[PDB]
Structures are given as structure tokens and as C-alpha cells.
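Read the structure below first, then the notes.
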Amino acid sequence: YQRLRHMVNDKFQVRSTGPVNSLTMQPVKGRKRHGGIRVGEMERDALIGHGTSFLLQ
DNA sequence: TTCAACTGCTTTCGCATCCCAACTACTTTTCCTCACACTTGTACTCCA
């Protein structure tokens, strides 16, 4: 057997609140900047497809 | 009634000229160590 080099250390992150951006007041990007998770364009369409207007809100 | 340029769009996180220096020179900083020309008697006879 063989052990591969790439491992799962720098993969997880959690944010309750924290830093923002100065222009948008949205959560900052960043793995080590303690930054937010992106709800992208396709996830906006997935939250309309459930008809969940408050989860989108 | 058509040809030819101006036209925004392919994804989904995360990865990823001026300055410096070299070596060898020449020089300055000064402080220390003595000589070189001048002069009156004295000495050896000098001429009286």
C-alpha cells in the first residue's frame, strides 16, 4: 500500500459572523481570513425551485 | 433592397543614467634628534 501526499487539513472552515467588506458590507472571502461561504447563482435558482422564499431571504 | 465591421457572451470552489567596491600610491599629520656658521681670548713665536 501507498499513502498519497495530498491531505484534508486546509479544507474545512466555519463562520458565525466576522469581518466584512467596506464597499458591500458582505462577508469577506478567505480560508484563513475567517471568511464566508458563497451562495452562488445556481444556489439562488435552487432556492427558488423549492419555493422557499424565506431561505432565499 | 443587401455587404461588411464593431460585438457581448462558454464555469462552478479551490488550487496556483546612477551607485558601490579594489589595491597600490602618495600624502599629510606632527613630534622628536642634532648640526652649522659666527666670535674673544690664548698660544707660538714675530721684530723691535
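Computation of the quantities below employed the complete heavy-atom set of this structure, encompassing side-chain atoms and omitting hydrogens, waters and symmetry-equivalent molecules. Each chain gets a letter, A, B and so on, in the order the sequences are listed, and its residues count up from 1.
Pucker annotation for B:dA43 reads south, on the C2'-endo side, since its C1'-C2'-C3'-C4' dihedral is below zero. A positive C1'-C2'-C3'-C4' dihedral is found for the sugar of B:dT39, placing it in the north range. With its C1'-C2'-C3'-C4' torsion above zero, B:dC9 shows a north sugar pucker. A negative value of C1'-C2'-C3'-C4' puts the sugar of B:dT12 in the south, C2'-endo-like family. Judged by the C1'-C2'-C3'-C4' torsion, which is positive here, the sugar of B:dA37 sits on the north, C3'-endo side.
By the neighbour-count criterion of 12 heavy atoms within 6.0 Å, atom CE of A:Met7 is densely surrounded, having more than that number from other residues, nucleotides or ligands. Atom NZ of A:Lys32 has 12 or fewer heavy atoms from other residues, nucleotides or ligands within 6.0 Å.
Minimum atom distance to the side chain of A:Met42 is reached by B:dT12, of the listed B:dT12, B:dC15, B:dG14. Set against B:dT12, B:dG14, B:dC15, the side chain of A:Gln13 has B:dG14 as its closest nucleotide.
The six-membered rings of B:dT17 and B:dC18 are unstacked by the 5.5 Å centre and 30° plane criterion.
For B:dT28, the base adopts the anti conformation, since its glycosidic angle falls more than 90 degrees from zero.
Cluster membership check: A:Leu55 does not share its hydrophobic cluster with A:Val39, using side-chain heavy-atom separations under 4.5 Å among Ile, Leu, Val, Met, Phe, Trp and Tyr.
Between A:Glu43 atom CD and B:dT12 atom P the separation is 9 Å, expressed in whole Å. Atom-to-atom, CE of A:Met7 to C1' of B:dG14 comes out at 18 Å; the value is rounded to the nearest Å. Distance A:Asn9 CG to B:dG14 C1': 16 Å, rounded to the nearest Å. As a whole-Å value, the separation of A:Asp10 CG from B:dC15 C1' is 10 Å. If you measure from atom CD1 of A:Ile37 to atom P of B:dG14, you get 7 Å, rounded to the nearest angstrom.
Between A:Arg38 and B:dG14 there is no side-chain N or O to OP1 or OP2 distance below 4.0 Å.
Annotation: B:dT2 and B:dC6 have their P atoms spaced 22 Å apart (nearest Å).
Nearest heavy atom pair, residue A:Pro19 against residue A:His34, reads CD-O, 3.8 Å. Here the closest heavy-atom approach between residue A:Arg15 and residue A:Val28 is recorded as NH1-N, 3.9 Å.
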